[PDB]
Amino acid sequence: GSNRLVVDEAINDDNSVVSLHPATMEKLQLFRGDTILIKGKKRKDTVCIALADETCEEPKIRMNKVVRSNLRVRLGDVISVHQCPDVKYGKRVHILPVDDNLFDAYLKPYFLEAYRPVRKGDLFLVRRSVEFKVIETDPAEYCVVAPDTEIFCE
């Protein structure tokens, strides 16, 4: 059908997850847990994991604040989504602590077996809680974090 969706508040705060009514999912030929590149404003864009959600309105998409900012979109704006099958797991992900191993007393937990999707330039949070700017990825665009991925930053 249409690939444009009206932004809405998320109940789940996982910075890697957006939610879509299950009709919307199937109209876009998405499966639970797939990876979609959602296009935002100022030509920003991110990769997320798509969960189905009966509480989400069809012409909408539930996404948390960390995503919103990464897409620079307010509650009530209009994103577009895309199938992103070309993604593979990662090798070198560089993560600069924005606010300025104890580095990995926050970061290793957040990525442990989580298999989270990363895009060059994202900002994200880990619960005290810290923000992190992925300033380097191995495919230079987007990559997932397998248990053999290198988080070679403080």
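One-based numbering along the sequence shown.
In the deposited entry, the stretch joining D86 to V87 is continuous, with no residue of the deposited sequence left without coordinates. In this entry, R127 and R128 are separated by 1 to 3 residues of the deposited sequence that lack coordinates. Relative to one another, 61-69 and 113-121 have unequal mean CA B-factors, and 113-121 is the one with the higher figure.
Judged by mean Cα B factor in the deposited record, 27-35 ranks above the other of 27-35 and 52-60. For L20, the recorded CA B-factor ranks within the lowest third of the chain. Only modelled residues enter the ranking. Sort the modelled residues of the chain by CA B factor and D13 lands in the middle third.
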